[PDB]
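Worksheet: the structure to be examined is printed underneath.
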Amino acid sequence: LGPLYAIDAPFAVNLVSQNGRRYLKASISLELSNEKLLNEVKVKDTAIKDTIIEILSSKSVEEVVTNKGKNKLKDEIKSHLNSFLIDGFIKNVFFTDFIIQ
Numbered sequence: 009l010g011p012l013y014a015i016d017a018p019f020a021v022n023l024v025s026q027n028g029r030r031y032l033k034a035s036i037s038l039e040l041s042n043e044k045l046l047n048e049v050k051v052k053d054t055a056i057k058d059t060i061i062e063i064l065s066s067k068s069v070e071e072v073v074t075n076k077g078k079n080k081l082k083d084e085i086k087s088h089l090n091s092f093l094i095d096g097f098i099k100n101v102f103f104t105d106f107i108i109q
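The numbering of the sequence shown is our numbering, which starts it at 9 and goes up by one.
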């Protein structure tokens, strides 16, 4: 059980809506694999926010309402952040707020 790191600014993106305009709002926490990564994730906050925004803004409503979609989502977030982190890796991704408008 590693250090648990909340991203304080909530995320708010457009989903792909080929009929209307639909919005995802989501509060995300990351489980860190070790303490050393805690400074790296603070240093790389901007990069991390840019990657999450690209992942979430690319999905459709159908792709995120099911649990299989949310779990696809978490794995995508883990692996894209883990492609550039160096001092550790993301163990788990947690939503504490998730809602579509």
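Don't be surprised by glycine CBs; every beta carbon is placed ideally from N, CA and C.
Contact annotation: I63 and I85 have beta-carbon atoms nearer than 8 Å. In this structure, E70 is the residue among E70, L93 and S87 with its C-alpha nearest to the C-alpha of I108. Note: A20 is bridge-paired with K33 in the DSSP secondary-structure output.
Our two residues, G96 and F19, have alpha carbons roughly 23 Å apart in a direct line. Minimum Cα-Cα distance from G77 among the listed residues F103, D58 and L89 corresponds to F103.
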